[PDB]
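Engineer:
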Amino acid sequence: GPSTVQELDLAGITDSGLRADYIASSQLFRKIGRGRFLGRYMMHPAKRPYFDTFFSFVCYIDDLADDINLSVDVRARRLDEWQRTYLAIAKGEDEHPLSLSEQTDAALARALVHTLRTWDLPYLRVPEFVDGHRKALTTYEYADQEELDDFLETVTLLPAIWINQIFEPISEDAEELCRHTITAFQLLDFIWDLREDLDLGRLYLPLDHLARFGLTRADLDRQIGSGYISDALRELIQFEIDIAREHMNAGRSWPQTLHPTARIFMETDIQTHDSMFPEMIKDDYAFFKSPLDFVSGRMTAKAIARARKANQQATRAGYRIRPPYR
Amino acid sequence: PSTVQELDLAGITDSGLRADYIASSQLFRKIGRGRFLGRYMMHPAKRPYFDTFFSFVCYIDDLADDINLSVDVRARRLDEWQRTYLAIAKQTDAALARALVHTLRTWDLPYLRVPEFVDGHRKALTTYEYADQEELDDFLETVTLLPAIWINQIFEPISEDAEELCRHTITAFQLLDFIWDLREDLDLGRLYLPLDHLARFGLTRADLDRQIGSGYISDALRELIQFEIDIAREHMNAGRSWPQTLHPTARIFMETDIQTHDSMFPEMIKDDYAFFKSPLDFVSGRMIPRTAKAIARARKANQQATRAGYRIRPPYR
Ligand SMILES: CC1=C(C[C@@H](C)O)c2[nH]c3ccccc3c2C(=O)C1=O
Ligand SMILES: CC1=C(C[C@@H](C)O)c2[nH]c3ccccc3c2C(=O)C1=O
């Protein structure tokens, strides 16, 4: 964009090879993150290379894990291939990527290592996130909350608490409010995608939550999208929504514990996910009874103008991003 | 107004067929990534057909383009989808295929020629540049214009001229896409501007690879870019009246699509082609205010069509 050179210059990212990897990672985020990419313009320009690269990493691994053209075994192999490339770059054994996928892997890895080391994040623990995705690929149900927490801690919350530091907290409360907020987002995703995930063979609601309402997995498979849900399924849906609400409410202060330059982004992201609640609930949970055809809370202009002012003011008040890793 | 209610309006009552349409519509929602967002402007009774057709084009495009698979594996997988389709024309693979067959037969389209579209993607897999317009035309004809002239029929033309206006318009959209996504296609190793157009200005692929997105472009590259833009704009101006040759229910869809693509030209040219000098920051297929308003006007125009007495195409059976 008209400000990409401004962004890399403000961050002090001047090596020509490193700049190219940041740009490649940002373009990959544009392509895969799509609407999420526009959130970059709620961030301070000097912060955007790191915001882009971190989101790019999470979105890209998601995309490998979700690619409908690959079997689960081929997805697991692609995750292994990315992890191998990442670790080699992280350890300085760097290989020489040949294929397009290998080149993409390596460019993201090089920018990511630099981003994580810039922010004193545990760059050598990235494989734990990847392992969590690889495990999720062959995990089709969760017996109880403890089992679901394994997925949430490794796939959802590990990267969340890392980007939380890039948001530059101003109070010690931030990590815990981060965990509640992103948990709520992730639980919202499970509820919203219930039909699709069930069609993929995956139940992200804990089996003992179904048991509490006398329901089996087969009950859910038959009813979601069927035209009819039972009273017991309505109460289970309401149960899971209430869990999401409580996490959203327990994390509501998160934006106020973040640097002013990250606050509008997360205020806007919270509002966007908040809009999922009435869409799933209204018209006696019509969302779950039929495949509905509508433009949802996503598929942001006002926020960007407010952010542009907030970012200019931050700079004039002496905001200075920390220097890039050498 | 749910997918179930749209299938009801279309008269599609077979339970297995309905489930196949629902699957094709869910797939389109999943993978579409903002392509064909005008789907929301179509008359609800026709959405099962449009969603199945778009799902088909998106799915094959994405499979051919997925660099998580080798080119050789993508050719095999394209070939396998081809053979499965034809076999059915006589698991999500079979659902899409059954819905596609039914959509195509409902509209008197040559449903047995679907493999020519798949096979054109198969051939482009191993093609990384085109010597001239003639070689590029071979690619346009099977991958781009073959499905365009089929969905044209589903738009219910009111004049034989629709097919030619369709060809002009979609050719302009496709050419525009090559220019707009030049940086990404180059990164993926694909040059969609014919080699002899480069030569006209003394340029090689290395020049484009070096300059696009670098902060600098040469006068020769400016000229090549304007040359390709002029070709696309010529097609856009020739095909622009296409909606006036379509049933009124299809007009806001294509009027808005034409207008959105027409918006791309000044974005690419303004400020001395700044578009080509830095990395792209545009996200395609988003629900901007313009589009939302169009969907609102289309809702009212589709209700007017029904009040005027719009007979729904009888589904194939
Ligand atoms: C930073 C961030 C994060 C943290 C991420 C970059 O690691 C996030 N994780 C999610 C899991 C499911 C649904 C939404 C999210 C999100 C966000 O929306 C978000 O802004
Ligand atoms: C019907 C249709 C079509 C016809 C397609 C459904 O066969 C189309 N082909 C394209 C190639 C490159 C960029 C845009 C298009 C489009 C459209 O935008 C469109 O509406």
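Residue numbers (the numbering used here), protein chains in the order written: chain E, 182 to 507; chain H, 4 to 320.
Using N, Cα and C, we set each Cβ at its ideal position, and we do this for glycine too.
(1) Listing by chain order, which chain H residues have their CB less than 9 Å from the CB of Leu-219/E?
(2) Using the rule of at least 16 other Cβ atoms within 10 Å of the residue's Cβ for burial, across every protein chain shown, is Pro-47/H buried or exposed?
(3) Short of 8 Å Cβ to Cβ, which residues in the stretch 248-281 of chain E face chain H?
(4) Figure out for me which residue from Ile-25/H, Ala-26/H and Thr-55/H has the closest Cα to the Cα of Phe-39/H.
(5) With which residues is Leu-439/E paired in a DSSP beta bridge?
(6) So does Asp-286/E have its beta carbon nearer than 7 Å to some heavy atom of ligand 3?
(7) Tell me the rounded alpha-carbon separation between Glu-416/E and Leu-379/E.
(8) Give, in chain order, every unbroken run of the beta strand (DSSP E) that is at least 3 residues long and sits entirely within the stretch 300-338 of chain E.
(9) State yes or no: is the beta carbon of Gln-214/H nearer than 8 Å to at least one beta carbon in chain E?
(10) Check whether the Cβ of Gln-367/E lies closer than 7 Å to any heavy atom of ligand 1, and answer yes or no.
(11) For the alpha helix (DSSP H) containing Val-60/H, name the first residue and the last one.
(12) Would you identify the three-state DSSP class for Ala-311/H, choosing helix, strand or coil?
(13) Can you pull the chain H residues whose beta carbon is under 9 Å from the beta carbon of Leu-245/E, in chain order?
(14) Measure how close the beta-carbons of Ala-491/E and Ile-445/E come, nearest whole angstrom, since I'm counting them as under 8 Å.
(15) List the residues of chain A whose Cβ lies closer than 8 Å to the Cβ of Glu-377/E, in chain order.
(16) Give a yes or no on whether the minimum CB-CB distance between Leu-179/H and chain E is below 8 Å.
(17) Can you tell me whether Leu-381/E is helix, strand or coil according to DSSP?
(18) From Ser-252/E to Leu-381/E, what does the alpha carbon distance come to, in whole angstroms?
(19) Quick one, which of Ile-291/H, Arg-289/H and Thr-252/H has its alpha-carbon nearest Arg-310/H's?
(20) Please report the straight-line C-alpha distance between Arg-293/H and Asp-455/E, rounded to a whole angstrom.
(21) Straight-line CA distance for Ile-298/H to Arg-42/H?
(22) Would you identify the three-state DSSP class for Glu-276/E, choosing helix, strand or coil?
(23) Looking only at its chain, what residues have a beta carbon closer than 7 Å to the beta carbon of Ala-269/E, apart from the 5 residues adjacent to it on each side?
(24) Helix, strand or coil: how does DSSP classify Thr-207/H here?
(25) Taking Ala-98/H as the reference, which of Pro-118/H, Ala-22/H, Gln-8/H and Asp-284/H has the closest Cα?
(26) What would DSSP say about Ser-407/E, mapped onto helix, strand or coil?
(27) Between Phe-210/E and ligand 1, is the CB less than 7 Å from at least one heavy atom?
(28) Kindly give me the distance between the Cβ atoms of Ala-495/E and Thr-438/E, rounded to whole angstroms, as I take these residues to be in contact under 8 Å.
(29) Taking CB distances under 8 Å as the criterion, tell me whether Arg-293/H reaches chain E.
(30) Just the chain H side, please: which residues come within less than 8 Å of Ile-204/E by C-beta, in chain order?
(31) Please state whether DSSP places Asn-305/H in a helix, a strand or coil.
(32) So, does the stretch 243-262 of chain E touch the stretch 156-163 of chain H, judging by three or more C-beta pairs under 8 Å?
(33) Using the Cα positions of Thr-362/E and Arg-383/E, report the straight-line distance between them to the nearest angstrom.
(34) Cβ of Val-286/H versus every heavy atom of ligand 2: is any distance shorter than 7 Å?
(35) Return the residue from the list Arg-259/E, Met-223/E and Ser-237/E that minimises the CA-CA distance to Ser-206/E.
(36) Kindly give me the distance between the Cβ atoms of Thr-174/H and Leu-143/H, rounded to whole angstroms, as I take these residues to be in contact under 8 Å.
Structural biologist: Checking against the coordinates, here is how it stands:
(1) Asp-284, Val-286 and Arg-289
(2) buried
(3) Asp-248, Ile-249, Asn-250, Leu-251, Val-255, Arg-259, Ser-280 and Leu-281
(4) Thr-55/H
(5) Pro-350/E
(6) Ligand 3 is absent from the structure shown, which contains only ligand 1 and ligand 2.
(7) 19 Å
(8) none
(9) no
(10) yes
(11) 50-68
(12) coil
(13) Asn-71
(14) 6 Å
(15) No chain A is present in this structure, whose protein chains are E and H.
(16) no
(17) coil
(18) 12 Å
(19) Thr-252/H
(20) 24 Å
(21) 9 Å
(22) coil
(23) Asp-275 and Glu-276
(24) coil
(25) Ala-22/H
(26) coil
(27) no
(28) The pair is not a contact, with the Cβ atoms about 16 Å apart (cut-off 8 Å).
(29) no
(30) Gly-216 and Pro-282
(31) helix
(32) no
(33) 23 Å
(34) no
(35) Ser-237/E
(36) 6 Å
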